[PDB]
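Structure first, then comments.
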Amino acid sequence: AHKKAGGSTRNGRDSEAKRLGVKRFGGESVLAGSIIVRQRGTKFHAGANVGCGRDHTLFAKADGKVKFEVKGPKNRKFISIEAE
Amino acid sequence: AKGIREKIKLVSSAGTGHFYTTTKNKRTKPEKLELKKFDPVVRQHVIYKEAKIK
Amino acid sequence: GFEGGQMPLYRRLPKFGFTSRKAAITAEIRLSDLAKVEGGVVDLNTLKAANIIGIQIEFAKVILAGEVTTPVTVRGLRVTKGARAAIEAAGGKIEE
Amino acid sequence: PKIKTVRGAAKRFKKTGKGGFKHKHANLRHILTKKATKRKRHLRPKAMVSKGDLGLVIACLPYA
RNA sequence: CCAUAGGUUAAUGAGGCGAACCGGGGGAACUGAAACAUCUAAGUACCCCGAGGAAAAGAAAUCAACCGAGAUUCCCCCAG
RNA sequence: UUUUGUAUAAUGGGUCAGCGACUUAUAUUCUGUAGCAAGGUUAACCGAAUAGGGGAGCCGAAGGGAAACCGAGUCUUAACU
RNA sequence: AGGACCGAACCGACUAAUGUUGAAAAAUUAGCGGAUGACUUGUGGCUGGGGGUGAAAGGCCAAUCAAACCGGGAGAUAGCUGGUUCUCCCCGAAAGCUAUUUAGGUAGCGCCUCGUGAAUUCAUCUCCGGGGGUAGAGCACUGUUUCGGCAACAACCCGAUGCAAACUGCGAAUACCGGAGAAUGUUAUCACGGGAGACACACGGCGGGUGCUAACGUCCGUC
RNA sequence: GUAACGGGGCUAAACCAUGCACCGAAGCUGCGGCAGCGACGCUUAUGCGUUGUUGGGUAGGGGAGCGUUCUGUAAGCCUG
RNA sequence: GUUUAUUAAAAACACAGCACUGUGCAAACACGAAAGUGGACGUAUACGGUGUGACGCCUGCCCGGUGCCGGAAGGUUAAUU
RNA sequence: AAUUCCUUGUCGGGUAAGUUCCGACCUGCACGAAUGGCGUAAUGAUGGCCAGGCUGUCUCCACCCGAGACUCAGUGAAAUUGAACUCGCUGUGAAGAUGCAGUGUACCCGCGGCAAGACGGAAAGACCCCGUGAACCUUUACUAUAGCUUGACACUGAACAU
RNA sequence: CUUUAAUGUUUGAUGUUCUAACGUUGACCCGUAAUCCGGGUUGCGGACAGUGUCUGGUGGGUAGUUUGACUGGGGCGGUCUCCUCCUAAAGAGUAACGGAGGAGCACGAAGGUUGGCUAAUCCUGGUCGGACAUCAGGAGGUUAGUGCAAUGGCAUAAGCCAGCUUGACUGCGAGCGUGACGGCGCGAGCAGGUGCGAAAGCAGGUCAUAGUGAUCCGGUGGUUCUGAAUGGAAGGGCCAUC
Ligand SMILES: [Mg+2]
Ligand SMILES: [Mg+2]
Ligand SMILES: [Mg+2]
Ligand SMILES: [Mg+2]
Ligand SMILES: [Mg+2]
Ligand SMILES: [Mg+2]
Ligand SMILES: [Mg+2]
Ligand SMILES: [Mg+2]
Ligand SMILES: [Mg+2]
Ligand SMILES: [Mg+2]
Ligand SMILES: [Mg+2]
Ligand SMILES: [Mg+2]
Ligand SMILES: [Mg+2]
Ligand SMILES: [Mg+2]
Ligand SMILES: [Mg+2]
Ligand SMILES: [Mg+2]
Ligand SMILES: [Mg+2]
Ligand SMILES: [Mg+2]
Ligand SMILES: [Mg+2]
Ligand SMILES: [Mg+2]
Ligand SMILES: [Mg+2]
Ligand SMILES: [Mg+2]
Ligand SMILES: [Mg+2]
Ligand SMILES: [Mg+2]
Ligand SMILES: [Mg+2]
Ligand SMILES: [Mg+2]
Ligand SMILES: [Mg+2]
Ligand SMILES: [Mg+2]
Ligand SMILES: [Mg+2]
Ligand SMILES: [Mg+2]
Ligand SMILES: [Mg+2]
Ligand SMILES: [Mg+2]
Ligand SMILES: [Mg+2]
Ligand SMILES: [Mg+2]
Ligand SMILES: [Mg+2]
Ligand SMILES: [Mg+2]
Ligand SMILES: [Mg+2]
Ligand SMILES: [Mg+2]
Ligand SMILES: [Mg+2]
Ligand SMILES: [Mg+2]
Ligand SMILES: [Mg+2]
Ligand SMILES: [Mg+2]
C-alpha cells in the first residue's frame, strides 16, 4: 500500500476555521464566531479571553451559540440591545 | 481492521422486544460478556444483554 | 446526441426502493359534484360528462372539492368529512 | 416517442405541488451504518437546484 | 422356392426464369454501452428453400374475476 | 483558418462559371400568437372528405405517504407539538 | 562417371555509370553467377483469403499482401482536422473552481445574453462598531548565534549583538464584515426561467513560492 | 555593412533647475446627420422639435430586414 | 543449390549426415461438419514431427523450476442417484 | 573473438608512421559443447588485411572524337501558382524579412551559365507524443471455444463366479 | 423386531463367457463384362468399439478484448483518498513532481456525572545513594500531562484519582456554518424514558480537528404497507443492520 515517499507535497484540505459572524450583527441564532470547529454552548456571545481579551458583541437575537473554546468560552449575560 | 483478533462488531440485543442497537468490541480483551441498558421501541430501558451474556 | 457526460452518474447517486399501488389509481370520484351530470340518480359507476370516474375501476372515495349539490343520494361506496358534511344537504348512503 | 430514462424514475420519481420532484436522501445505509447515530435519520427526501435540471426529463403524464 | 432388388416400356407431371410483399432453415460485424466480456446493433445485413395473389394466422386445453367477453387479422388508445 | 500571439517563412486557394454544408419526421419543454375556459381537445374511423360526425382517450382544476390509506390536508413520531 | 571444369544459347541478377517529369511504374551499357541439373521452357490442370503456396523473406497469390479483388451491412465510428454562403441595429463573455480511465472532451457552479418579478436592494464616499497576527519590529517562548562572567574544554544561568516560512511577550497600513447618512449612476442588486459560449490564455505592476531574486521560464494571488 | 542617438547632424540640437509659449489623438469642443432610452415642449393610436445621454467588440444571446425559386391574390396587370 | 518479383544473394534457407520422439496399419499425422482423400496401392531397413547441418576429435555436471514419460496405493474432485 | 564495456587492452609482426589486420597473453564487462565446442582440404559475384602488375583513382589536369547543351525552321509538354509595381545592410518582429523601421544602393528589357534565399517544389511527419484509435503478433493477461481426453445415460443384451 | 450369520432373492460393483443389436478399409455370391453402394453367405471383433446428450480435464490451435492517469516530451522513478503546519498578501479561499509530518485506529472504559487533586525540573538534607529510585522541606512560574502527527486549546482544567453508572439513549429540531452537487458539520430547545448530584445542573461518546467507500445485487431480523381470480404464500416496500 506504498504511497510513502515524503516529497512533502501534502495538503490538509483545510476547512471551517474562519472568523465568520464578525462584529455584532443584527442577531439571529446564526453560528457566527466559530474557529476550531467543535464548539459547544455559547448563547448571546460577549467575546471573552483573558488578560487583554473580552470582545463585546452587544448585538445578537437571543442565542448566538458558537465559539468553542479558543475564543472566549461561553458568553451571554444580560446584553441584547436594550436588555435581556 | 477486520482481523479476527481485534475489534469486531457487536450486534447486541434486548430482552424481549426485538430491538437491535449496535457497537464495537474486541476479542482478546475480556469478552463473552455484555449488557447495558439503551432505550427500546418505546417505554423503559432495562436488559439489553446483547450477545455474550454474563 | 453527444450528451457528453451522461446525466446518470454524479446525478445518479442514492436510489430508494419503492413498488406500486396495484389500485388502478382509484380516482377520487370528484370535486364534490355528486348528483347533476352524475346521471342525477346519485350512486356512481361511469357514464358521465362533467366529472367522470373513467371506467376501469375498483373503488372511489371522493374528497370534497368544488361546489356541491342541492340534491344527492350520495353513494360511491366512498367517504370523507369533506363529504359527510358538505354533500349532507342530501342523501347520505355509503353501502359496500 | 421520447423514452424516459426508466432508471431515474425508480431513483427520484416525484413531483411535489410544483415539480422539483423530491429525489431522496440517505447515504451509507445498508452498507456501513454501524457508524454515527444523530447524523443518520432518514428524515425524508429533498431535491436540488443546480442539479434539478439534469434530473428533469422523466415523467410527462402523471404516473407514479 | 418363392418374394423382393434390379430392368424395359408407356401415360401423366416436374425441371427454368421471376421486382417487391409472405412463410420458413442458417445467421454477422462495424455500432452503442462515451473502455469492454453480460447486454446492444438485430433476428437487421446477408445466404438458402418454398408458395401465393396475397401469404400467414384462425373458431379457445383464450381471457376475465365471481360481472362477463367471445376465432384470426389490421388501425387508434392503454404507455414510453 | 488557428492561436496568448501571425506581414508571417504556420494552414488553404492558379483564375472564372455552376454545384457545395443546421434539413426532415414524430415526441417533450419553453417563448410569441390565436381559439376556448375550470374546463381544453379529440385519435383511428365514418363521411353528402379540408365539413359534419367520433370525446376511445390525453391534459388540468389536489395534494401527502414507500403503500394501505387519508385528503386541503397529509406524512413523520407513542405524540394530540 | 560427375548436383565435375571452361564457355555461347538458355536461366539468373554481384558491381559501377546512365536514367529518376525515363526508351522503361526496375531498364540500358560494361563487366558478373549457373549452364546434364535440387536445370531450363511450351501447353493444359490442381490448391482461395484467416485461406492457399512458401529451400522461410511475412515472401508470392494479376503493377495490391502483418490477411487479395468486387459488391454489400454503410451515410460503420471519428471526444480529431478542415469548411460553413445576405444586410443593418442592441448587449456581450471565458480561458476559473469541483468531479471525471479526466487532462486539446464533458458536466454543475462561475462569467454572457433574453424574459418576469421584487426592496431606497446595489455600489463610491463620511462617520460608528468589529475580528486579525501580515509588513515592520523584537528575541520572554521554540530554534539558531556570538562575545564577555562561575565546568580533571564545553550545554545550563547574568550582561552586551544578531537571525527565522513552518519563533511572537508587540503590531500597522489594509482588505473584509455589519450599522446609520447625503449625493450620484437610463435598479447597476437579488431571485426564478429560455438560449449560450467558456474552461490552452499571454504581458505589465505589486506580494510570493520555485529556478540562479536566470529565462518572451514555471506555479499561485491581485490589478 | 556605419549598426549600442531612427539617419542627418549636434558643444549645446546634452543635462539640471525655473517659467511662458507652440506642435500634438478618432480624447474633448464647435456644426450637421442617424438610431435606442429618460425627460422637456407640446401635440396626444400617435407623433414630431429641444435636450441629457448611449452607440469598439471574437464566442455567443436578442431584435429587425433585403433578395431568390415555387403557391395563392391572377385569363387580373405588364409585354412582339 | 535457395531467398526479399521492384534498395538486402548473405555468415541467412536448403543440403547430405546425426540424434530425439511418435506410428502395429482402418498407422501416427493432415484436408474434411461427414462421406471420402492424402500418408501409400507404402507397412518399422517404413512413414511423420522436432532440433543439429559434410567430414575429423568430441559432445562434460545439474531432473531443483516448467514440460513430457511411468505409477496410481492414498487425499481432492464433475454429471449422475 | 561476428561475443570485451574499459578499448586504439598489453607484447610481438608488417609500416617512415597501422583506432584495421595477423600471432600471443587471459583480466571471458557478458565463449562453451547438436537454440552444438574446437579444427578442417576443397568451394565462395561472401567480411577483413598485405603484395606484385596495372594504371588519369590521385598530384594536376591537357588535347581530341562523337551524343546533347547554343542558332534557325516545324510540332509542342511539366510540376507550381493569394496577388505583385519580386534590391543590399543593421535593427524589428510569432523569436532566421523583397514587403515593417532606418539607411545604403539601383536607367528600362533580354540571352547564356550557377545554384546561396524565396525556411524553394513533391507527399495533411515515416521519428516523438496524444486518441478511453486500428491492425497483426506474444504469452503462466482475461473471457470463451475447435481439437484431443473423462465419466454418467442412452443405441445396449444373455448367463455365471466373487 | 433389532446385533448378527446361511438360502431365496432385488440391486450396485469388478471380473468370466456367449450371440443377437453394433463394427469389420477379410473372403465369397448376385445386382453387374463396377475399384463405389446395396443385398446375401461366411469369418473375425462384440455389448466392446463408436455415436448423441450431459460432465471434469486440457486447450494462443483460434477468437474477442483489456493492459489508467498526473508528468516541465514521453518513459523509469514517484503519486493518485483523508488529517496538521508553512506557502497563503493579519476575513474565507486559492497552485506547483513546493518545505515538513501523521491516519485507514484505540477505549465495558480512555464515556457520563459527582466529589476531590495539581506539573516538569533543580537545591539542601535521607540506610540500603556514589547521574537519576520511594521520603523531607524549599525554589516550585503553560519550560508538565493530553491514548497517536501538527496546529490550536486546556487550571473552572480536556491533565490526575476514586465512588456510582450506561446519555456511546429513541423520536424531532429554531437557526446556522460549509459545499457545483452527492453530501458534510454545529446546534439551543421539545417529547418519552435514563444515569450521576442534596441541589443549581451535566450527559445525544471520547479536548477538537484523520481512522474512510456512493449505487446496484443481494443476506438477517421486525411489520397483517403490498401480494396479479380469492385466502394464503413467494416476492416487493418500509425500519434496523451485514
Ligand atoms: Mg371517457
Ligand atoms: Mg463502446
Ligand atoms: Mg503555438
Ligand atoms: Mg503563409
Ligand atoms: Mg465560384
Ligand atoms: Mg557443373
Ligand atoms: Mg543516380
Ligand atoms: Mg548484361
Ligand atoms: Mg560456365
Ligand atoms: Mg501455366
Ligand atoms: Mg504483386
Ligand atoms: Mg449499420
Ligand atoms: Mg463515412
Ligand atoms: Mg472512474
Ligand atoms: Mg519580516
Ligand atoms: Mg479542461
Ligand atoms: Mg486549464
Ligand atoms: Mg494563469
Ligand atoms: Mg510565460
Ligand atoms: Mg495651442
Ligand atoms: Mg484631431
Ligand atoms: Mg456594436
Ligand atoms: Mg553457390
Ligand atoms: Mg530486392
Ligand atoms: Mg540485390
Ligand atoms: Mg543451425
Ligand atoms: Mg587476434
Ligand atoms: Mg550437452
Ligand atoms: Mg553451426
Ligand atoms: Mg535543343
Ligand atoms: Mg537580407
Ligand atoms: Mg534579420
Ligand atoms: Mg542545373
Ligand atoms: Mg519544402
Ligand atoms: Mg500530419
Ligand atoms: Mg490473441
Ligand atoms: Mg469491437
Ligand atoms: Mg499520460
Ligand atoms: Mg487567511
Ligand atoms: Mg488577506
Ligand atoms: Mg538524594
Ligand atoms: Mg483526542
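Lettering and numbering for the C-alpha cells are positional, with chains as A, B, ... in the shown order, residues counted from 1 in each chain, and ligands counted from 1 in the shown order.
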
Set out as CSV a contact list for chain G and ligand 16 with a cut-off of 8 Å, giving each residue of chain G that qualifies its closest atom pair and distance in Å to one decimal, counting only C-alpha atoms (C1' of nucleotides) and all ligand atoms, ordered by chain and rising residue number.
```
residue,atom,partner,partner_atom_place_in_ligand_line,distance
G:103,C1',ligand 16,1 (Mg),6.2
G:105,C1',ligand 16,1 (Mg),7.7
G:199,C1',ligand 16,1 (Mg),5.8
```

So which bits of chain D end up helix (DSSP H, G or I) when you DSSP the backbone, as an MDAnalysis selection string?
-> chainID D and resid 6:12 52:55

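Taking only C-alpha atoms (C1' of nucleotides) and all ligand atoms into account, every polymer residue with at least one atom at most 9 Å away from ligand 30 is listed here: residues 68, 69 and 70 of chain J.
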
Could you tell me, counting only C-alpha atoms (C1' of nucleotides) and all ligand atoms, which protein and nucleic acid residues lie no more than 9 Å from ligand 15, written as a PyMOL selection string?
-> chain G and resi 134-137+164

For the selection just defined, write its residues with N, CA, C and O atoms (P, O5', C5', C4', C3', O3' and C1' of nucleotides) to a file, as a PDB file, in the first residue's frame.
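Final output, selection-v3.pdb:
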```pdb
ATOM      1  P     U G 134       1.978  37.048  11.503  1.00  0.00           P
ATOM      2  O5'   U G 134       2.223  37.666  10.057  1.00  0.00           O
ATOM      3  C5'   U G 134       1.733  37.014   8.888  1.00  0.00           C
ATOM      4  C4'   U G 134       1.596  38.007   7.759  1.00  0.00           C
ATOM      5  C3'   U G 134       2.722  39.006   7.648  1.00  0.00           C
ATOM      6  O3'   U G 134       3.814  38.476   6.913  1.00  0.00           O
ATOM      7  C1'   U G 134       0.638  40.131   7.504  1.00  0.00           C
ATOM      8  P     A G 135       5.315  38.790   7.390  1.00  0.00           P
ATOM      9  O5'   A G 135       5.500  40.335   7.049  1.00  0.00           O
ATOM     10  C5'   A G 135       5.706  40.755   5.705  1.00  0.00           C
ATOM     11  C4'   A G 135       5.665  42.261   5.606  1.00  0.00           C
ATOM     12  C3'   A G 135       6.712  43.010   6.410  1.00  0.00           C
ATOM     13  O3'   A G 135       7.960  43.061   5.737  1.00  0.00           O
ATOM     14  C1'   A G 135       4.599  44.040   6.698  1.00  0.00           C
ATOM     15  P     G G 136       9.300  42.702   6.545  1.00  0.00           P
ATOM     16  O5'   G G 136       9.431  43.881   7.607  1.00  0.00           O
ATOM     17  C5'   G G 136       9.478  45.240   7.185  1.00  0.00           C
ATOM     18  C4'   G G 136       9.157  46.162   8.339  1.00  0.00           C
ATOM     19  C3'   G G 136       9.937  45.897   9.632  1.00  0.00           C
ATOM     20  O3'   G G 136      11.268  46.390   9.698  1.00  0.00           O
ATOM     21  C1'   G G 136       7.641  46.137  10.136  1.00  0.00           C
ATOM     22  P     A G 137      12.419  45.461  10.328  1.00  0.00           P
ATOM     23  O5'   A G 137      12.193  45.575  11.901  1.00  0.00           O
ATOM     24  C5'   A G 137      11.943  46.834  12.521  1.00  0.00           C
ATOM     25  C4'   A G 137      11.368  46.624  13.902  1.00  0.00           C
ATOM     26  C3'   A G 137      12.170  45.674  14.784  1.00  0.00           C
ATOM     27  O3'   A G 137      13.249  46.292  15.476  1.00  0.00           O
ATOM     28  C1'   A G 137       9.896  45.029  14.792  1.00  0.00           C
ATOM     29  P     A G 164      15.627  37.820   9.918  1.00  0.00           P
ATOM     30  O5'   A G 164      14.973  36.383  10.124  1.00  0.00           O
ATOM     31  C5'   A G 164      15.317  35.303   9.263  1.00  0.00           C
ATOM     32  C4'   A G 164      14.376  34.142   9.475  1.00  0.00           C
ATOM     33  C3'   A G 164      12.945  34.570   9.769  1.00  0.00           C
ATOM     34  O3'   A G 164      12.256  34.842   8.555  1.00  0.00           O
ATOM     35  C1'   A G 164      13.614  32.854  11.275  1.00  0.00           C
TER      36        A G 164
END
```

Residues within 12 Å of residue 13 of chain J, only C-alpha atoms (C1' of nucleotides), excluding chain neighbours under 5 positions, as an NGL selection string | :J and (18 or 21-24)

Quick one: residues within 12 Å of segment 143-151 of chain G, only C-alpha atoms (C1' of nucleotides) counted, chain neighbours fewer than 4 positions away excluded, as an MDAnalysis selection string?
-> chainID G and resid 139 155:164 166:167

For the selection you just gave me, I'd like the residues written to a file as a PDB file, in the first residue's frame, keeping N, CA and C atoms (P, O5', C5', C4', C3', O3' and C1' of nucleotides).
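Once written, result04.pdb looks like this:
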```pdb
ATOM      1  P     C G 139      15.716  42.630  21.158  1.00  0.00           P
ATOM      2  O5'   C G 139      15.366  41.130  21.562  1.00  0.00           O
ATOM      3  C5'   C G 139      14.391  40.854  22.562  1.00  0.00           C
ATOM      4  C4'   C G 139      14.159  39.365  22.674  1.00  0.00           C
ATOM      5  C3'   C G 139      15.423  38.525  22.967  1.00  0.00           C
ATOM      6  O3'   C G 139      15.050  37.440  23.804  1.00  0.00           O
ATOM      7  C1'   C G 139      14.404  37.785  20.968  1.00  0.00           C
ATOM      8  P     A G 155      28.796  26.323  26.475  1.00  0.00           P
ATOM      9  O5'   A G 155      27.286  25.816  26.537  1.00  0.00           O
ATOM     10  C5'   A G 155      26.559  25.500  25.351  1.00  0.00           C
ATOM     11  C4'   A G 155      25.415  24.569  25.682  1.00  0.00           C
ATOM     12  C3'   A G 155      24.455  25.024  26.792  1.00  0.00           C
ATOM     13  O3'   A G 155      23.369  25.814  26.307  1.00  0.00           O
ATOM     14  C1'   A G 155      25.231  22.822  27.237  1.00  0.00           C
ATOM     15  P     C G 156      23.006  27.208  27.023  1.00  0.00           P
ATOM     16  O5'   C G 156      22.516  26.779  28.475  1.00  0.00           O
ATOM     17  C5'   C G 156      21.414  25.892  28.657  1.00  0.00           C
ATOM     18  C4'   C G 156      21.294  25.521  30.114  1.00  0.00           C
ATOM     19  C3'   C G 156      21.435  26.712  31.039  1.00  0.00           C
ATOM     20  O3'   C G 156      20.143  27.245  31.327  1.00  0.00           O
ATOM     21  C1'   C G 156      22.949  25.004  31.695  1.00  0.00           C
ATOM     22  P     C G 157      19.638  28.576  30.579  1.00  0.00           P
ATOM     23  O5'   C G 157      19.907  29.745  31.629  1.00  0.00           O
ATOM     24  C5'   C G 157      19.134  29.843  32.824  1.00  0.00           C
ATOM     25  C4'   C G 157      19.904  30.596  33.883  1.00  0.00           C
ATOM     26  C3'   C G 157      20.289  32.018  33.490  1.00  0.00           C
ATOM     27  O3'   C G 157      19.287  32.991  33.771  1.00  0.00           O
ATOM     28  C1'   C G 157      22.191  30.878  34.324  1.00  0.00           C
ATOM     29  P     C G 158      19.325  34.415  33.019  1.00  0.00           P
ATOM     30  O5'   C G 158      20.593  35.157  33.634  1.00  0.00           O
ATOM     31  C5'   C G 158      20.482  35.954  34.812  1.00  0.00           C
ATOM     32  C4'   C G 158      21.539  37.035  34.813  1.00  0.00           C
ATOM     33  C3'   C G 158      21.644  37.871  33.547  1.00  0.00           C
ATOM     34  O3'   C G 158      20.732  38.963  33.567  1.00  0.00           O
ATOM     35  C1'   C G 158      23.798  37.126  34.176  1.00  0.00           C
ATOM     36  P     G G 159      20.376  39.722  32.195  1.00  0.00           P
ATOM     37  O5'   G G 159      21.717  40.498  31.820  1.00  0.00           O
ATOM     38  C5'   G G 159      22.021  41.758  32.412  1.00  0.00           C
ATOM     39  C4'   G G 159      23.299  42.316  31.830  1.00  0.00           C
ATOM     40  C3'   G G 159      23.273  42.583  30.328  1.00  0.00           C
ATOM     41  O3'   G G 159      22.687  43.821  29.947  1.00  0.00           O
ATOM     42  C1'   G G 159      25.222  41.368  30.882  1.00  0.00           C
ATOM     43  P     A G 160      21.845  43.911  28.580  1.00  0.00           P
ATOM     44  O5'   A G 160      22.955  44.070  27.447  1.00  0.00           O
ATOM     45  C5'   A G 160      23.775  45.233  27.389  1.00  0.00           C
ATOM     46  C4'   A G 160      24.931  45.011  26.442  1.00  0.00           C
ATOM     47  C3'   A G 160      24.534  44.682  25.006  1.00  0.00           C
ATOM     48  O3'   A G 160      24.291  45.840  24.223  1.00  0.00           O
ATOM     49  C1'   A G 160      26.139  43.121  25.760  1.00  0.00           C
ATOM     50  P     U G 161      23.201  45.776  23.046  1.00  0.00           P
ATOM     51  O5'   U G 161      23.679  44.544  22.155  1.00  0.00           O
ATOM     52  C5'   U G 161      24.875  44.627  21.389  1.00  0.00           C
ATOM     53  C4'   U G 161      24.754  43.805  20.127  1.00  0.00           C
ATOM     54  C3'   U G 161      23.369  43.553  19.558  1.00  0.00           C
ATOM     55  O3'   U G 161      22.803  44.649  18.855  1.00  0.00           O
ATOM     56  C1'   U G 161      24.767  41.634  19.297  1.00  0.00           C
ATOM     57  P     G G 162      21.353  44.486  18.185  1.00  0.00           P
ATOM     58  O5'   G G 162      21.646  43.591  16.899  1.00  0.00           O
ATOM     59  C5'   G G 162      20.766  42.540  16.511  1.00  0.00           C
ATOM     60  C4'   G G 162      21.455  41.623  15.525  1.00  0.00           C
ATOM     61  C3'   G G 162      20.570  40.735  14.658  1.00  0.00           C
ATOM     62  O3'   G G 162      20.099  41.467  13.538  1.00  0.00           O
ATOM     63  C1'   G G 162      22.350  39.447  15.534  1.00  0.00           C
ATOM     64  P     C G 163      18.665  41.116  12.915  1.00  0.00           P
ATOM     65  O5'   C G 163      18.762  39.551  12.646  1.00  0.00           O
ATOM     66  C5'   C G 163      19.580  39.051  11.599  1.00  0.00           C
ATOM     67  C4'   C G 163      19.260  37.603  11.341  1.00  0.00           C
ATOM     68  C3'   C G 163      17.788  37.224  11.247  1.00  0.00           C
ATOM     69  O3'   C G 163      17.202  37.524   9.991  1.00  0.00           O
ATOM     70  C1'   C G 163      18.923  35.650  12.589  1.00  0.00           C
ATOM     71  P     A G 164      15.627  37.820   9.918  1.00  0.00           P
ATOM     72  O5'   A G 164      14.973  36.383  10.124  1.00  0.00           O
ATOM     73  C5'   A G 164      15.317  35.303   9.263  1.00  0.00           C
ATOM     74  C4'   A G 164      14.376  34.142   9.475  1.00  0.00           C
ATOM     75  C3'   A G 164      12.945  34.570   9.769  1.00  0.00           C
ATOM     76  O3'   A G 164      12.256  34.842   8.555  1.00  0.00           O
ATOM     77  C1'   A G 164      13.614  32.854  11.275  1.00  0.00           C
ATOM     78  P     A G 166       8.405  30.935  10.884  1.00  0.00           P
ATOM     79  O5'   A G 166       7.736  29.495  10.765  1.00  0.00           O
ATOM     80  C5'   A G 166       6.349  29.304  11.041  1.00  0.00           C
ATOM     81  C4'   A G 166       5.969  27.865  10.795  1.00  0.00           C
ATOM     82  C3'   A G 166       6.876  26.910  11.576  1.00  0.00           C
ATOM     83  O3'   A G 166       6.538  26.643  12.932  1.00  0.00           O
ATOM     84  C1'   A G 166       6.817  26.271   9.297  1.00  0.00           C
ATOM     85  P     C G 167       7.602  26.969  14.091  1.00  0.00           P
ATOM     86  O5'   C G 167       7.133  28.376  14.668  1.00  0.00           O
ATOM     87  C5'   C G 167       7.995  29.499  14.586  1.00  0.00           C
ATOM     88  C4'   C G 167       8.282  30.050  15.961  1.00  0.00           C
ATOM     89  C3'   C G 167       7.311  31.130  16.445  1.00  0.00           C
ATOM     90  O3'   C G 167       6.275  30.554  17.241  1.00  0.00           O
ATOM     91  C1'   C G 167       9.559  31.900  16.582  1.00  0.00           C
TER      92        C G 167
END
```

Would you mind listing what lies within 12 Å of segment 17-31 of chain H as an MDAnalysis selection string, with only C-alpha atoms (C1' of nucleotides) counted and same-chain residues fewer than 2 positions away left out?
-> chainID H and resid 15 33 56

Neighbours of residue 12 of chain A within 9 Å (only C-alpha atoms (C1' of nucleotides); same-chain residues fewer than 3 positions away dropped), as JSON, numbers by chain?
-> {"A": [15], "K": [82, 83, 84]}

Those residues with N, CA, C and O atoms (P, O5', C5', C4', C3', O3' and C1' of nucleotides), as a PDB file, in the first residue's frame please?
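Result went into result.pdb, see below:
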```pdb
ATOM      1  N   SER A  15     -10.596  23.396   6.461  1.00  0.00           N
ATOM      2  CA  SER A  15     -11.943  23.967   6.483  1.00  0.00           C
ATOM      3  C   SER A  15     -12.380  24.664   7.784  1.00  0.00           C
ATOM      4  O   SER A  15     -11.600  24.773   8.731  1.00  0.00           O
TER       5      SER A  15
ATOM      6  P     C K  82      -9.739  13.900  -0.327  1.00  0.00           P
ATOM      7  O5'   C K  82      -9.597  13.779   1.252  1.00  0.00           O
ATOM      8  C5'   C K  82     -10.549  13.031   1.995  1.00  0.00           C
ATOM      9  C4'   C K  82     -10.033  12.737   3.382  1.00  0.00           C
ATOM     10  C3'   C K  82      -9.284  13.835   4.137  1.00  0.00           C
ATOM     11  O3'   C K  82     -10.083  14.859   4.703  1.00  0.00           O
ATOM     12  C1'   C K  82      -8.203  11.753   4.463  1.00  0.00           C
ATOM     13  P     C K  83      -9.398  16.259   5.085  1.00  0.00           P
ATOM     14  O5'   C K  83      -8.516  15.904   6.362  1.00  0.00           O
ATOM     15  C5'   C K  83      -9.133  15.578   7.600  1.00  0.00           C
ATOM     16  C4'   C K  83      -8.107  15.547   8.706  1.00  0.00           C
ATOM     17  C3'   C K  83      -7.189  16.721   8.664  1.00  0.00           C
ATOM     18  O3'   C K  83      -7.819  17.767   9.374  1.00  0.00           O
ATOM     19  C1'   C K  83      -5.899  14.767   8.929  1.00  0.00           C
ATOM     20  P     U K  84      -7.265  19.263   9.201  1.00  0.00           P
ATOM     21  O5'   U K  84      -5.761  19.164   9.721  1.00  0.00           O
ATOM     22  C5'   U K  84      -5.485  19.193  11.116  1.00  0.00           C
ATOM     23  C4'   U K  84      -4.055  19.609  11.375  1.00  0.00           C
ATOM     24  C3'   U K  84      -3.518  20.791  10.596  1.00  0.00           C
ATOM     25  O3'   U K  84      -3.938  22.007  11.194  1.00  0.00           O
ATOM     26  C1'   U K  84      -1.879  19.078  10.713  1.00  0.00           C
TER      27        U K  84
END
```

Distance filter 6 Å, only C-alpha atoms (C1' of nucleotides), chain K against chain B, as an MDAnalysis selection string | chainID K and resid 166 169:170 193

Would you write out those residues with C-alpha atoms (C1' of nucleotides), as a PDB file, in the first residue's frame?
```pdb
ATOM      1  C1'   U K 166     -24.647   3.196  30.541  1.00  0.00           C
ATOM      2  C1'   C K 169     -30.251   6.948  24.657  1.00  0.00           C
ATOM      3  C1'   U K 170     -35.125   6.679  20.951  1.00  0.00           C
ATOM      4  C1'   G K 193     -37.865   7.188  29.197  1.00  0.00           C
TER       5        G K 193
END
```

Compute the set of protein, DNA and RNA residues whose minimum atom distance to ligand 6 is at most 9 Å, using only C-alpha atoms (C1' of nucleotides) and all ligand atoms, and state it as a VMD selection string.
-> chain G and resid 2 to 5 34 to 37

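Put simply, atom CA of residue 29 of chain B is 21.2 Å away from atom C1' of residue 165 of chain K.
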